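Just model06.pdb here, PDB, C-alpha atoms (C1' of nucleotides) and all ligand atoms:
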```
ATOM      1  CA  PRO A   1     -34.511 -11.803  17.771
ATOM      2  CA  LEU A   2     -32.524 -12.101  21.044
ATOM      3  CA  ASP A   3     -32.865 -15.848  21.744
ATOM      4  CA  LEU A   4     -31.729 -19.256  20.451
ATOM      5  CA  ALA A   5     -30.007 -22.517  21.386
ATOM      6  CA  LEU A   6     -26.496 -21.103  21.268
ATOM      7  CA  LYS A   7     -27.837 -18.123  23.182
ATOM      8  CA  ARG A   8     -28.511 -20.399  26.158
ATOM      9  CA  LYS A   9     -25.970 -23.127  25.299
ATOM     10  CA  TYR A  10     -23.222 -20.732  26.307
ATOM     11  CA  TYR A  11     -25.185 -19.936  29.466
ATOM     12  CA  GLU A  12     -27.096 -22.791  31.140
ATOM     13  CA  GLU A  13     -24.449 -25.280  29.992
ATOM     14  CA  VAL A  14     -21.084 -23.750  29.084
ATOM     15  CA  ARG A  15     -20.994 -20.938  31.643
ATOM     16  CA  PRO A  16     -20.351 -23.235  34.634
ATOM     17  CA  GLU A  17     -18.588 -25.996  32.662
ATOM     18  CA  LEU A  18     -15.811 -23.434  32.317
ATOM     19  CA  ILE A  19     -15.866 -22.326  35.963
ATOM     20  CA  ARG A  20     -15.179 -25.959  36.821
ATOM     21  CA  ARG A  21     -12.590 -26.524  34.124
ATOM     22  CA  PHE A  22     -10.394 -23.510  34.859
ATOM     23  CA  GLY A  23     -11.974 -21.858  37.878
ATOM     24  CA  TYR A  24     -12.139 -18.092  37.553
ATOM     25  CA  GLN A  25     -13.289 -15.650  40.217
ATOM     26  CA  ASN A  26     -15.258 -13.126  38.191
ATOM     27  CA  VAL A  27     -18.227 -13.298  35.846
ATOM     28  CA  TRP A  28     -16.449 -11.510  33.004
ATOM     29  CA  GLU A  29     -13.084 -13.249  33.012
ATOM     30  CA  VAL A  30     -14.977 -16.216  31.524
ATOM     31  CA  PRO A  31     -14.248 -16.761  27.769
ATOM     32  CA  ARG A  32     -16.980 -15.391  25.466
ATOM     33  CA  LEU A  33     -17.640 -15.280  21.749
ATOM     34  CA  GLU A  34     -18.350 -11.701  20.753
ATOM     35  CA  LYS A  35     -17.090 -11.177  17.211
ATOM     36  CA  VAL A  36     -17.546 -13.280  14.105
ATOM     37  CA  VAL A  37     -15.830 -11.944  10.997
ATOM     38  CA  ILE A  38     -16.355 -13.533   7.596
ATOM     39  CA  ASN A  39     -13.874 -12.963   4.801
ATOM     40  CA  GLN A  40     -13.364 -13.649   1.097
ATOM     41  CA  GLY A  41     -10.157 -13.695  -0.953
ATOM     42  CA  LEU A  42     -11.829 -12.668  -4.199
ATOM     43  CA  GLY A  43      -8.843 -11.781  -6.363
ATOM     44  CA  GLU A  44     -10.826 -13.761  -8.924
ATOM     45  CA  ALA A  45     -13.697 -11.315  -9.355
ATOM     46  CA  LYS A  46     -10.986  -8.755 -10.173
ATOM     47  CA  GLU A  47     -12.681  -8.558 -13.573
ATOM     48  CA  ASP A  48     -16.392  -9.319 -13.120
ATOM     49  CA  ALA A  49     -17.873  -6.815 -10.695
ATOM     50  CA  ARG A  50     -21.065  -8.810 -11.347
ATOM     51  CA  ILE A  51     -19.833 -11.914  -9.535
ATOM     52  CA  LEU A  52     -19.010  -9.386  -6.833
ATOM     53  CA  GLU A  53     -22.732  -8.838  -6.260
ATOM     54  CA  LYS A  54     -23.447 -12.573  -6.009
ATOM     55  CA  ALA A  55     -20.889 -13.446  -3.328
ATOM     56  CA  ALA A  56     -22.277 -10.360  -1.607
ATOM     57  CA  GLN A  57     -26.007 -11.128  -1.779
ATOM     58  CA  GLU A  58     -25.297 -14.812  -1.088
ATOM     59  CA  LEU A  59     -23.298 -13.684   1.902
ATOM     60  CA  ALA A  60     -26.447 -11.758   2.842
ATOM     61  CA  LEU A  61     -28.706 -14.782   3.285
ATOM     62  CA  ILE A  62     -25.965 -16.946   4.817
ATOM     63  CA  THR A  63     -24.586 -14.342   7.224
ATOM     64  CA  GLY A  64     -28.002 -12.809   7.713
ATOM     65  CA  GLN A  65     -26.327  -9.403   7.482
ATOM     66  CA  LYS A  66     -25.521  -6.744   4.827
ATOM     67  CA  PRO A  67     -22.134  -7.380   3.099
ATOM     68  CA  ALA A  68     -19.100  -5.110   2.574
ATOM     69  CA  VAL A  69     -15.951  -4.928   0.401
ATOM     70  CA  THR A  70     -12.323  -3.722   0.486
ATOM     71  CA  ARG A  71      -9.871  -2.832  -2.296
ATOM     72  CA  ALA A  72      -6.098  -3.256  -1.825
ATOM     73  CA  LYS A  73      -3.432  -0.718  -0.796
ATOM     74  CA  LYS A  74      -0.259  -1.855  -2.573
ATOM     75  CA  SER A  75      -1.646  -4.274  -5.156
ATOM     76  CA  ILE A  76       0.182  -7.234  -6.715
ATOM     77  CA  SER A  77       1.499  -6.103 -10.070
ATOM     78  CA  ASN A  78       2.075  -9.725 -11.047
ATOM     79  CA  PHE A  79      -1.389 -11.143 -10.377
ATOM     80  CA  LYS A  80      -3.378  -8.400 -12.140
ATOM     81  CA  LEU A  81      -3.590  -5.712  -9.428
ATOM     82  CA  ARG A  82      -1.949  -2.348  -8.720
ATOM     83  CA  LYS A  83      -3.563   0.307  -6.487
ATOM     84  CA  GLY A  84      -6.832   1.122  -4.697
ATOM     85  CA  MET A  85      -9.411  -0.679  -6.824
ATOM     86  CA  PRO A  86      -9.585  -4.496  -6.352
ATOM     87  CA  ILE A  87     -11.867  -6.549  -4.148
ATOM     88  CA  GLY A  88     -11.973  -8.483  -0.890
ATOM     89  CA  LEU A  89     -15.334  -9.077   0.768
ATOM     90  CA  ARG A  90     -15.661  -8.758   4.540
ATOM     91  CA  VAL A  91     -18.600  -8.763   6.940
ATOM     92  CA  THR A  92     -18.247  -8.588  10.725
ATOM     93  CA  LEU A  93     -21.232  -9.930  12.646
ATOM     94  CA  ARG A  94     -21.869  -9.255  16.337
ATOM     95  CA  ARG A  95     -24.673  -9.498  18.911
ATOM     96  CA  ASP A  96     -27.411 -12.045  18.290
ATOM     97  CA  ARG A  97     -27.213 -12.267  14.468
ATOM     98  CA  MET A  98     -23.757 -13.706  15.108
ATOM     99  CA  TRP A  99     -25.334 -16.591  16.974
ATOM    100  CA  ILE A 100     -28.027 -17.205  14.347
ATOM    101  CA  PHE A 101     -25.153 -17.636  11.917
ATOM    102  CA  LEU A 102     -23.257 -20.013  14.199
ATOM    103  CA  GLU A 103     -26.251 -22.303  14.758
ATOM    104  CA  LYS A 104     -26.294 -22.851  10.998
ATOM    105  CA  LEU A 105     -22.579 -23.604  11.118
ATOM    106  CA  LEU A 106     -22.148 -26.546  13.490
ATOM    107  CA  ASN A 107     -25.615 -28.019  12.888
ATOM    108  CA  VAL A 108     -25.983 -27.543   9.119
ATOM    109  CA  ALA A 109     -22.841 -26.173   7.468
ATOM    110  CA  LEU A 110     -20.478 -28.783   8.930
ATOM    111  CA  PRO A 111     -22.685 -31.923   8.870
ATOM    112  CA  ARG A 112     -23.070 -31.723   5.068
ATOM    113  CA  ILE A 113     -19.536 -31.155   3.796
ATOM    114  CA  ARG A 114     -17.678 -33.152   1.135
ATOM    115  CA  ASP A 115     -15.981 -35.548   3.549
ATOM    116  CA  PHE A 116     -15.782 -33.214   6.519
ATOM    117  CA  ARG A 117     -13.402 -34.712   9.072
ATOM    118  CA  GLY A 118     -13.223 -32.278  11.986
ATOM    119  CA  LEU A 119     -12.113 -28.696  12.615
ATOM    120  CA  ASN A 120      -8.285 -28.713  12.439
ATOM    121  CA  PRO A 121      -7.171 -28.297  16.095
ATOM    122  CA  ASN A 122      -3.959 -26.455  15.156
ATOM    123  CA  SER A 123      -6.118 -23.577  13.814
ATOM    124  CA  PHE A 124      -5.875 -21.764  17.143
ATOM    125  CA  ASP A 125      -3.850 -18.601  16.807
ATOM    126  CA  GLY A 126      -1.839 -19.213  19.967
ATOM    127  CA  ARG A 127      -4.207 -16.697  21.517
ATOM    128  CA  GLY A 128      -7.982 -17.114  21.867
ATOM    129  CA  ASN A 129      -9.496 -16.865  18.352
ATOM    130  CA  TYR A 130     -10.309 -19.189  15.474
ATOM    131  CA  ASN A 131      -9.882 -19.175  11.697
ATOM    132  CA  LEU A 132     -10.877 -21.883   9.234
ATOM    133  CA  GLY A 133     -11.368 -22.339   5.511
ATOM    134  CA  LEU A 134     -14.297 -23.510   3.422
ATOM    135  CA  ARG A 135     -14.542 -24.159  -0.319
ATOM    136  CA  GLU A 136     -18.233 -24.557  -1.150
ATOM    137  CA  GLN A 137     -20.475 -21.986   0.529
ATOM    138  CA  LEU A 138     -23.469 -23.890  -0.863
ATOM    139  CA  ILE A 139     -23.405 -26.103   2.239
ATOM    140  CA  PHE A 140     -25.370 -23.227   3.763
ATOM    141  CA  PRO A 141     -29.142 -23.723   4.124
ATOM    142  CA  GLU A 142     -30.595 -20.885   2.042
ATOM    143  CA  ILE A 143     -28.280 -21.646  -0.884
ATOM    144  CA  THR A 144     -30.075 -23.696  -3.537
ATOM    145  CA  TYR A 145     -28.285 -25.821  -6.166
ATOM    146  CA  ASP A 146     -29.413 -24.219  -9.437
ATOM    147  CA  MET A 147     -28.309 -20.745  -8.379
ATOM    148  CA  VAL A 148     -24.570 -20.936  -7.762
ATOM    149  CA  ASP A 149     -22.604 -19.904 -10.852
ATOM    150  CA  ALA A 150     -19.213 -20.876  -9.429
ATOM    151  CA  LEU A 151     -17.612 -22.433  -6.344
ATOM    152  CA  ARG A 152     -16.586 -19.274  -4.514
ATOM    153  CA  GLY A 153     -14.525 -19.922  -1.395
ATOM    154  CA  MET A 154     -14.036 -18.008   1.845
ATOM    155  CA  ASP A 155     -12.891 -18.186   5.482
ATOM    156  CA  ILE A 156     -14.459 -17.295   8.819
ATOM    157  CA  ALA A 157     -13.062 -15.836  12.008
ATOM    158  CA  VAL A 158     -14.336 -15.742  15.570
ATOM    159  CA  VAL A 159     -12.936 -13.479  18.262
ATOM    160  CA  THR A 160     -13.081 -14.657  21.857
ATOM    161  CA  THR A 161     -12.283 -13.084  25.228
ATOM    162  CA  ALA A 162     -10.069 -16.170  25.374
ATOM    163  CA  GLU A 163      -6.513 -15.425  26.461
ATOM    164  CA  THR A 164      -5.040 -18.784  25.492
ATOM    165  CA  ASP A 165      -5.830 -21.499  22.949
ATOM    166  CA  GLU A 166      -6.459 -24.070  25.672
ATOM    167  CA  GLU A 167      -9.061 -21.693  27.092
ATOM    168  CA  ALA A 168     -10.438 -21.212  23.580
ATOM    169  CA  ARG A 169     -10.265 -24.895  22.722
ATOM    170  CA  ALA A 170     -12.482 -25.679  25.689
ATOM    171  CA  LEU A 171     -14.813 -22.771  24.897
ATOM    172  CA  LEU A 172     -15.490 -23.953  21.360
ATOM    173  CA  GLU A 173     -15.913 -27.646  22.261
ATOM    174  CA  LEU A 174     -18.385 -26.591  24.969
ATOM    175  CA  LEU A 175     -20.532 -24.513  22.588
ATOM    176  CA  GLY A 176     -20.304 -27.317  20.067
ATOM    177  CA  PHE A 177     -17.443 -27.554  17.592
ATOM    178  CA  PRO A 178     -16.631 -30.857  15.774
ATOM    179  CA  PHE A 179     -12.893 -30.887  16.459
ATOM    180  CA  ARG A 180     -10.575 -33.314  14.727
ATOM    181  CA  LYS A 181      -9.113 -34.765  17.949
TER
ATOM    182  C1'   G B   1      17.829  32.663 -59.843
ATOM    183  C1'   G B   2      26.128  32.170 -56.004
ATOM    184  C1'   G B   3      25.956  34.968 -62.497
ATOM    185  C1'   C B   4      26.398  38.909 -58.773
ATOM    186  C1'   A B   5      25.873  41.906 -54.044
ATOM    187  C1'   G B   6      25.574  42.769 -48.617
ATOM    188  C1'   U B   7      26.303  39.937 -44.689
ATOM    189  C1'   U B   8      25.587  36.094 -40.730
ATOM    190  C1'   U B   9      28.183  31.661 -39.188
ATOM    191  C1'   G B  10      27.481  32.399 -30.005
ATOM    192  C1'   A B  11      30.124  31.827 -25.229
ATOM    193  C1'   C B  12      32.522  28.822 -21.534
ATOM    194  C1'   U B  13      36.940  26.192 -22.453
ATOM    195  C1'   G B  14      44.119  24.340 -17.488
ATOM    196  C1'   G B  15      45.681  27.093 -25.905
ATOM    197  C1'   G B  16      41.944  26.533 -29.841
ATOM    198  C1'   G B  17      39.067  22.476 -32.430
ATOM    199  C1'   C B  18      36.215  17.959 -31.370
ATOM    200  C1'   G B  19      33.376  16.335 -27.186
ATOM    201  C1'   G B  20      30.377  18.480 -23.142
ATOM    202  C1'   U B  21      27.748  22.372 -21.139
ATOM    203  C1'   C B  22      24.324  27.174 -21.117
ATOM    204  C1'   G B  23      17.692  28.578 -17.458
ATOM    205  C1'   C B  24      15.140  26.281 -12.936
ATOM    206  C1'   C B  25      14.854  22.664  -8.306
ATOM    207  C1'   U B  26      17.487  19.011  -4.394
ATOM    208  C1'   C B  27      21.799  17.322  -1.846
ATOM    209  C1'   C B  28      27.192  17.416  -1.050
ATOM    210  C1'   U B  29      31.751  20.200  -1.715
ATOM    211  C1'   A B  30      30.503  24.868   2.140
ATOM    212  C1'   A B  31      35.166  25.183   6.900
ATOM    213  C1'   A B  32      28.006  24.467  12.846
ATOM    214  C1'   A B  33      24.752  32.354  10.631
ATOM    215  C1'   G B  34      24.183  33.959   5.455
ATOM    216  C1'   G B  35      27.164  33.492   0.828
ATOM    217  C1'   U B  36      31.146  30.970  -1.617
ATOM    218  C1'   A B  37      34.635  28.351  -7.030
ATOM    219  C1'   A B  38      36.248  24.194 -10.371
ATOM    220  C1'   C B  39      35.108  20.826 -17.688
ATOM    221  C1'   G B  40      34.251  18.821  -8.599
ATOM    222  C1'   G B  41      30.534  14.307  -6.676
ATOM    223  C1'   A B  42      25.560  13.036  -7.422
ATOM    224  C1'   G B  43      19.807  13.430  -9.100
ATOM    225  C1'   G B  44      15.503  16.095 -11.044
ATOM    226  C1'   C B  45      12.188  20.322 -13.875
ATOM    227  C1'   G B  46       9.873  22.518 -18.915
ATOM    228  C1'   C B  47       4.416  18.864 -15.666
ATOM    229  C1'   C B  48       0.180  16.760 -12.906
ATOM    230  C1'   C B  49      -5.112  17.414 -10.179
ATOM    231  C1'   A B  50     -12.171  19.706 -10.337
ATOM    232  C1'   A B  51     -10.560  16.087  -7.279
ATOM    233  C1'   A B  52      -5.125  15.213  -5.879
ATOM    234  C1'   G B  53      -8.786  21.709  -4.271
ATOM    235  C1'   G B  54     -12.230  24.475   0.312
ATOM    236  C1'   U B  55     -14.347  23.350   4.836
ATOM    237  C1'   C B  56     -16.854  19.944   8.419
ATOM    238  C1'   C B  57     -16.496  15.031  10.442
ATOM    239  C1'   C B  58     -14.041  10.378  11.066
ATOM    240  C1'   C B  59     -10.505   6.913  11.217
ATOM    241  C1'   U B  60      -4.155   5.986  11.403
ATOM    242  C1'   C B  61       0.988   3.357   8.818
ATOM    243  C1'   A B  62       4.915   0.483   7.112
ATOM    244  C1'   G B  63       6.721  -3.789   9.091
ATOM    245  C1'   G B  64       7.722  -8.188  12.337
ATOM    246  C1'   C B  65       5.296 -13.054  14.538
ATOM    247  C1'   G B  66       0.920 -16.270  14.962
ATOM    248  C1'   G B  67      -3.815 -17.853  12.256
ATOM    249  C1'   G B  68      -6.673 -18.402   8.004
ATOM    250  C1'   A B  69     -10.974 -22.203   0.917
ATOM    251  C1'   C B  70      -7.657 -20.150  -4.314
ATOM    252  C1'   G B  71      -3.221 -17.177  -2.863
ATOM    253  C1'   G B  72       1.387 -16.700   2.104
ATOM    254  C1'   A B  73       8.409 -14.185   0.107
ATOM    255  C1'   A B  74       3.988  -9.793  -0.793
ATOM    256  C1'   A B  75      -3.733  -9.546  -2.280
ATOM    257  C1'   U B  76      -8.012  -9.626   1.223
ATOM    258  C1'   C B  77      -9.077 -10.991   6.830
ATOM    259  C1'   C B  78      -8.551 -11.873  12.801
ATOM    260  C1'   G B  79      -5.093 -11.351  16.424
ATOM    261  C1'   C B  80      -0.570  -9.358  19.275
ATOM    262  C1'   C B  81       3.854  -6.279  19.164
ATOM    263  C1'   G B  82       4.388  -2.084  16.368
ATOM    264  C1'   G B  83       6.026   6.488  17.142
TER
HETATM  265 MG    MG C   1      -9.459  -9.131  42.487
HETATM  266 MG    MG C   2      28.380  47.528 -43.780
HETATM  267 MG    MG C   3      35.478  31.308 -28.085
HETATM  268 MG    MG C   4      41.604  22.083 -24.582
HETATM  269 MG    MG C   5      31.014  22.166 -29.562
HETATM  270 MG    MG C   6      26.538  24.504   2.956
HETATM  271 MG    MG C   7      26.930  26.914   6.275
HETATM  272 MG    MG C   8      20.957  37.148   4.670
HETATM  273 MG    MG C   9      33.085  35.470  -2.137
HETATM  274 MG    MG C  10     -10.390   9.391  -3.822
HETATM  275 MG    MG C  11      -6.254  10.757  -4.185
HETATM  276 MG    MG C  12       3.074 -15.085   7.328
END
```

Translate the structure described by the file into structure tokens.
Amino acid sequence: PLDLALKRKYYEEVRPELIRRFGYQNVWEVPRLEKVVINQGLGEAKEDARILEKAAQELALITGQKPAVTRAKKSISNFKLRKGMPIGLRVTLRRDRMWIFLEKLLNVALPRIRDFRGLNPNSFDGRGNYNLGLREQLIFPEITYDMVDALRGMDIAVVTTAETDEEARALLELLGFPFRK
RNA sequence: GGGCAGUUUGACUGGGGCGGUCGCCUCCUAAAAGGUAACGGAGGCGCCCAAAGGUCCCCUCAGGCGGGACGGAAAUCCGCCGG
């Protein structure tokens, strides 16, 4: 389904707002979202491979995309890990399904958070990408109450043709991100 | 069944005994071919794998810095440098 608000938001709204703000010279040099990665630090489900399926299928309806995993390379002896075996969920979303995830983020995910305050502005990686943490993934639409067996956490990532955080800062505000000033 | 009989009871070894060692692999000693000794200096082997093998295809690390709900000295993830 190639169409949505954020599909056009970036275009008939953000496209020229940037050309004014920074003034490019070519249609491509303009900062674009193009890669949303979603991650999970599930060292917890080290034991239960069952709870592995839940964070995965939940991820399915929230990310609107099939989920994937990744076991470690040199695993922490101390915290119950050793070699190739463990677990760390990961699911890169691109094209349009990326958008349809984002629309749920700044218009549903954020507005109903336990005392959400604003996306920490320091979260820019010096270059043009963003990373931010969430505790409850039940703030997502499809997730019902009597269904979650535990508060599994995770953290999202969004890659941008941005070359500096200023340029990224502007490009996320313009698409619609509730920054903590 | 030492009453009795025949015998056995290793070598190296700055004397012999005691100690240590005894075959195989790696490095040094070794003097830029090879090979070289010492009771010279140091470490391993007496296995393991049906996937840890064949071939086809695909991808490429460790680490350093920056960023990320548990966790950051080191899980998993995005980025950039990284032969
Ligand atoms: Mg030119
Ligand atoms: Mg005789
Ligand atoms: Mg003798
Ligand atoms: Mg002697
Ligand atoms: Mg002896
Ligand atoms: Mg030599
Ligand atoms: Mg020689
Ligand atoms: Mg010869
Ligand atoms: Mg000779
Ligand atoms: Mg394997
Ligand atoms: Mg293997
Ligand atoms: Mg760090």

Discussion item. Within 12 Å of ligand MG 2 (chain C) (counting all atoms listed in the file), which residues show up? I'd like them as a list in words.
Written reply: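 What falls inside 12 Å of ligand MG 2 (chain C) is residues 5, 6 and 7 of chain B.
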
Next, the residues of the selection above should be written as a PDB file, in the coordinates of the input with C-alpha atoms (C1' of nucleotides).
```pdb
ATOM      1  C1'   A B   5      25.873  41.906 -54.044  1.00  0.00           C
ATOM      2  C1'   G B   6      25.574  42.769 -48.617  1.00  0.00           C
ATOM      3  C1'   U B   7      26.303  39.937 -44.689  1.00  0.00           C
TER       4        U B   7
END
```

Item to complete: Would you mind reading off the distance between CA of residue 16 in chain A and CA of residue 168 in chain A, one decimal, in Å?
Response: 15.0 Å

Practice prompt. Could the residues of chain B within 10 Å of chain A, counting all atoms listed in the file, be given as a list in words, please?
Written response: residues 66, 67, 68, 69, 70, 71, 74, 75, 76, 77, 78, 79 and 80 of chain B

Fill in: Non-local contacts of range 20-25 of chain B (9 Å; only C-alpha atoms (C1' of nucleotides); under 2 positions in same chain excluded) as a PyMOL selection string
chain B and resi 11-12+39+44-46

For those residues, write C-alpha atoms (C1' of nucleotides) to a file as a PDB file, in the coordinates of the input.
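Once written, part_34.pdb looks like this:
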```pdb
ATOM      1  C1'   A B  11      30.124  31.827 -25.229  1.00  0.00           C
ATOM      2  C1'   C B  12      32.522  28.822 -21.534  1.00  0.00           C
ATOM      3  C1'   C B  39      35.108  20.826 -17.688  1.00  0.00           C
ATOM      4  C1'   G B  44      15.503  16.095 -11.044  1.00  0.00           C
ATOM      5  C1'   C B  45      12.188  20.322 -13.875  1.00  0.00           C
ATOM      6  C1'   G B  46       9.873  22.518 -18.915  1.00  0.00           C
TER       7        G B  46
END
```

Could you please extract the residues within 10 Å of ligand MG 10 (chain C), counting only C-alpha atoms (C1' of nucleotides) and all ligand atoms, and hand them back as a PDB file with C-alpha atoms (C1' of nucleotides), in the frame of the given file?
```pdb
ATOM      1  CA  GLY A  84      -6.832   1.122  -4.697  1.00  0.00           C
TER       2      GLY A  84
ATOM      3  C1'   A B  51     -10.560  16.087  -7.279  1.00  0.00           C
ATOM      4  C1'   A B  52      -5.125  15.213  -5.879  1.00  0.00           C
TER       5        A B  52
END
```

Item to complete: Just the residues within 12 Å of residue 42 in chain B, please, counting all atoms listed in the file, with nothing from its chain fewer than 4 positions along; format it as a ChimeraX atom specification.
Response: /B:26-29

Worksheet item: Residues at most 9 Å from residue 169 in chain A, counting only C-alpha atoms (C1' of nucleotides), excluding those fewer than 3 positions away in the same chain, as a list in words?
Response: residues 121, 124, 128, 164, 165, 166, 172, 173 and 174 of chain A

Worksheet entry | Separation of CA of residue 142 in chain A from CA of residue 58 in chain A in Å |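 That distance, rounded to one decimal, is 8.6 Å.
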
Item to complete: Name all residues at most 10 Å from residue 54 in chain A (count only C-alpha atoms (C1' of nucleotides); drop same-chain ones fewer than 3 positions away) and give them as a ChimeraX atom specification.
Response: /A:49-51,57-60,147-150,152

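The residues sitting within 9 Å of ligand MG 4 (chain C), with all atoms listed in the file considered, come out as residues 13, 14, 15, 16 and 17 of chain B.
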
Listed atoms of range 17-21 of chain B, axis-aligned box, 6 Å per side: centre and edge lengths to one decimal in Å, as JSON?
```
{"center_x": 33.4, "center_y": 19.4, "center_z": -26.8, "size_x": 23.3, "size_y": 18.1, "size_z": 23.3}
```

Worksheet item: Please, what distance in Å, to one decimal, runs between CA of residue 146 in chain A and CA of residue 178 in chain A?
Response: 29.0 Å
